[PDB]
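This is the structure I want to talk about, given as structure tokens.
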Amino acid sequence: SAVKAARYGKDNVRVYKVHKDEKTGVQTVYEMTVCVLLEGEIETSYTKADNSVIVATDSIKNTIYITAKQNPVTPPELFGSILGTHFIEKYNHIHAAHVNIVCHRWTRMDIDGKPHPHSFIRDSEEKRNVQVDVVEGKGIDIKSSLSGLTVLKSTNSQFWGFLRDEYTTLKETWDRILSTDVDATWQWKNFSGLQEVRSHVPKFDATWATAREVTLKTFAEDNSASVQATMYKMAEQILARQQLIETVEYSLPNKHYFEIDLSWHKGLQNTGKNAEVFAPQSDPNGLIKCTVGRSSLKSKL
Amino acid sequence: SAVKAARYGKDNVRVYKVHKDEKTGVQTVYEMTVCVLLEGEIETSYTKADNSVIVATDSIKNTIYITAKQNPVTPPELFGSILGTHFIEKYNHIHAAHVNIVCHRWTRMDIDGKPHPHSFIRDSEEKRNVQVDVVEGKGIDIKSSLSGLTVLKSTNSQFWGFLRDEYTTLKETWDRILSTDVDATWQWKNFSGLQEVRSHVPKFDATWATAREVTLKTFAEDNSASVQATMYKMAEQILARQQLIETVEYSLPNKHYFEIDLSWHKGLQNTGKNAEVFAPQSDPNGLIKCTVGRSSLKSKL
Amino acid sequence: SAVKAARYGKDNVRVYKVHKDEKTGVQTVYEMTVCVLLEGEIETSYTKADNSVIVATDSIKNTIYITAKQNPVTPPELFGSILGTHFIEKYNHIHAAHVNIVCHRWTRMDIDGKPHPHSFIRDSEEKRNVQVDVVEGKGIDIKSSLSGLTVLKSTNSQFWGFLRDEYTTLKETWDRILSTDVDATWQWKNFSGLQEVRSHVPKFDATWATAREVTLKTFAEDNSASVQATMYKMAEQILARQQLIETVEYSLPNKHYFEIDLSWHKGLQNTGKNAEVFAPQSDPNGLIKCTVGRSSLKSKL
Amino acid sequence: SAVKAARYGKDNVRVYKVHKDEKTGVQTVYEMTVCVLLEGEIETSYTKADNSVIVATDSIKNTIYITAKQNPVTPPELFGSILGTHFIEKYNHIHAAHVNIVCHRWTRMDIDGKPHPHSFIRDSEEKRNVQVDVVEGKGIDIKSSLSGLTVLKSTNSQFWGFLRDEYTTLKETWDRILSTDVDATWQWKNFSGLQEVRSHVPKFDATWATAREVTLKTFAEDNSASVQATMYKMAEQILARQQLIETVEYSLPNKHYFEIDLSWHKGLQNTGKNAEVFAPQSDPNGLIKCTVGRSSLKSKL
């Protein structure tokens, strides 16, 4: 036998950081969950009980907290790049660091119409995430995402004109509920190293904000022909607004809300135009995915 | 043997309702999870295989949807009262109905600064709940609550002066993080029936809003001596603002954020006044409870 | 305002203990999650910022680990009684201790047909639990339970003869699937203190084993008329087999498996006698409860 | 813009099937959760609101149940292959089907020492899974796995000789607890189509059983130098026992159990040789991965 692939490290490292402005009194908090997995010349730890090649996962944990103490933790694209770069620079035999960060929301409270200097609310379980792959000799590859953004529209969604054969029971509809949990990912151009990442720092928060804005406005305003058609519109707009991202990926469940025929009970009308009460379905669910990039076709367009 | 207590029914009934204003185009959505459990002269279903006394749980489910079609689903205190009253009135041998409702958030989206007529966001997993116990001959007992309201303050929390003995290792502190998930319950005066509940309908939304407002403002503004002291202040204020509630209950976890001593690494200072990076602890957690009512002591106060 | 009820303590305290027989080499492991909440003369911690009356939750945590080091952790009824007794004896002003223990399964592995001396498998997420309420001057009240015991039978369950009215759509059936997650609780006679608990120690494991055995055999063998009828049979048998328990409680979901009519597709027959493929329903679910005790009726039986 | 990748279908489809032997009375149950995602000439559903190319997810759901009615659901490798093959054969424009199956345990109950003909227990949340990728013109690629197999050994695990630098605090140990949740995957040689899959049907259950047996015995018997070293031994043995699998992958968390120093309390000794009571850590956790294949090195071995 031989080792074909290996990576190891510390997962589920919860990290909080506070910034205190002593002049103004305003405090700002950040909370994340971090995973760092390393690759390199480590195969003998598996094959020969050679622990000399292992940077202990406990040490990786320590390093996450030390790096958070010594650097900004925002934007997460930067923090992840600093953290991954540390491992491949510090350890000659480590050649890749894979850093995943989930950022948790702590939104400043407004009390009596004024932002409070040191109190926060988890205003959504929506996350902002990064996946930062730092590969020695091959730069830094970053995927940024938002996830757990749960939305519903009560009309202006349709689904008709789909294939119908002997496996089909679904009725066409010109007016349905559409609800999803949005997972949207934008993948950046490869960066050559940490200096290039730093050179683009403002673009990270700006592009996350664009992605979120476009997602919400397109969902709300598109009289949707399908999940497929709507998500594509989102992706094409995000690509148009940031030239440093190469692709946009969406993964969207179709969280079904079924009509309830009540006509068996006193002739109650609760379908079609009279549909008011629905049964949300926990499972199963449609699942619709696509990755959108920029065109390179010049004929047969 | 004999049956000492029994109740049965349908749990986890997911319900959506939409209201459409055809004049304005504005749509409003409601989503809940409902449980209804019945009591009455049902013991022979357990002891004698007598199913004649069972209103099938499937029928209870149907009844939840029919009742939602024929009545408002808001405020949940009213919906639960209508629903519970139905069972004890319709079925002579059913003498209590226990209705639990969890209301899920669907907050209207603002798009380009304007409220959208038919698009919504799950802006928090915070819930608004009711427990409505409709007992034949003994009226309607309602407990209203908010739950899953997750908050954090980064300073202006203290904990010192606690008992110290041979089991104690905890350091006193004059400046710590305080974070919790708020579960707050207000219990209403007994109502004689559905007419009395209806007579107080506006008070339900108003009292939920007061409870939420008081919770947030007191959390944010109290330079807290303990979880105990802060929660008591919340409860006393809510009681002062609604004379139809008899008690207020809080159940609050103390979700610990531990300092991380980094002085072993290059003399890094990350404790006390220099504490910036903390380790959120998933478990264990303090758990602090109290039920507050109005005083009746006239001496030794 | 005044404090009407209060309790506080530490929740979610994970505890492992190992026993090592140095003569044989056999090791035995125990893992639990513990909650201890205290009551007593603590109201001034809420009303007056008086922390002197608070035994810190951190200290309660320490005490759980110290007590586990100094005593057996099995049976959990005993451990919980020792632990609760400690708080009301050690602290004059603490007058009740409420101890909840969830015991996690670590079943010894059999390797090549022989029990391994120090390797274990989580063979089920089924739990064994206790609730031990130690109340100064009023002894020790113990509720023991098993929970998360998930079972299914593919026939020999029926449900017919239930009430039928204008809310009813459910078809009678003489052959259905029955599946549940069993939560069964037995409540012991009040014990006067720790000596009386100790005097009955062997009965705890024996009664848990009886409850489990009776549950499984009755589920498997009863040609069930309803969940109600089957659960009652379980309870009556457990009461008959242990005179020191006063009541038995079951709480059982009816986890529905729906037939799927496929006759629209090539005349496929998949209902009634030809039902082979079913759709498990995640929600909603029936929920059926009862508490059974010993009879005291002497007439009209 | 253009579509670079797309797939869509139905997720979270719960499926039960029963087999009834009418001669013997013995019934056997199967329960799974299924996901099927399709690829093909579908880009215009995203770019042009062309629903004609969409086989509705609802129809995919119907097809899962129909296929389960008309075919064996075991082994899952076969069922997934039949199901995926159906989509690429039935629909000219569909060119890949990605089928994921999670199989849930229903183990026959033994009652009074005899296997019961129609009653079952969920004896573990451990799963058996498959990922079957059916790609037109490129056969069938199958990955089989077991997951959620939670184990612990109380001794005969070590971790010493790891890299030590200025980021390291971890103590070397020659005797620790080792606990994990095993996720083990074996990837089969590419199969040319459904006939080749069928030709190897007995190997699927046999190889799952080997993987499980090897996992448990190696975990129990290896005096482990590290998670890395132990998992490699598992993988090499599985490869040696089935020539039709090309690689074996393990993904193992190191679920830490920390010693508790109690020497501050009455000199209690609970470390090293006297360690009996430990604190299981929910997070963070080590995470150790490797993919093992057969060697092809002929020099510098």
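Letters A, B, C and D mark the chains as written, and numbering starts fresh at 1 in each.
Note that a contact is a pair of C-beta atoms (placed from the backbone, for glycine too) under 8 Å apart; a residue touches a chain by one contact, two chains touch by 3 or more.
Enquirer: Among the listed pairs C-D, A-D or B-D, choose the one whose interface is a repeat of A-B, with over half of the contact pairs the same by residue number.
Expert: Among C-D, A-D or B-D, the interface that shares over half of its contact pairs with A-B is C-D.
Enquirer: Please state whether B-C or C-D has more C-beta contact pairs across its interface.
Expert: Greater number of contacting C-beta pairs: B-C.
Enquirer: Could you tell me which chain lies farthest from chain B when each chain's centre is the average position of its Cα atoms?
Expert: Farthest from chain B by mean C-alpha position: D.
Enquirer: Counting only Cα atoms for the centres, state how far chain B is from chain C in Å.
Expert: Taking the average C-alpha coordinate of chain B and of chain C, the gap between them is 25 Å.
Enquirer: State, to the nearest whole Å, the distance from the C-alpha centre of chain A to the C-alpha centre of chain C.
Expert: Chain A and chain C have C-alpha centres separated by 39 Å.
Enquirer: Per the centroid of Cα atoms for each chain, what is the distance between chain C and chain D, given in Å?
Expert: Using C-alpha averages as centres, the distance is 30 Å.
Enquirer: If I count partner chains per residue in chain B, which residues reach a count of at least 2?
Expert: 14, 62, 66, 167, 169, 265, 282-283
Enquirer: If every chain is a node and every touching pair an edge, decide which shape results: line, ring, star, complete or other.
Expert: Graph shape, chains as nodes and touching pairs as edges: complete.
Enquirer: Of all possible chain pairs, which ones touch?
Expert: Listed in label order, the chain pairs in contact are A-B, A-C, A-D, B-C, B-D, C-D.
Enquirer: How about chain A: which of its residues touch chain C in the complex?
Expert: For chain A paired with chain C, touching residues are 166-167, 169, 264-266, 282-283.
Enquirer: Flag every residue of chain B that touches chain C in the complex, lowest number first.
Expert: So the residues of chain B in touch with chain C come to 1-14, 35, 37, 42, 45-47, 49-59, 61-63, 66, 91, 159-163, 165, 167-170, 225-229, 231-232, 235-236, 239, 247, 249, 253-254, 283-297.
Enquirer: For a test of understanding, state which residues of chain B touch chain A in their complex under the given definition.
Expert: It is residues 14-20, 27, 29, 31, 62, 65-66, 68-70, 106, 109, 111-112, 116, 118-125, 149-156, 177, 216-217, 219-221, 257, 260, 262, 265, 268, 270, 275-280, 282 of chain B that touch chain A.
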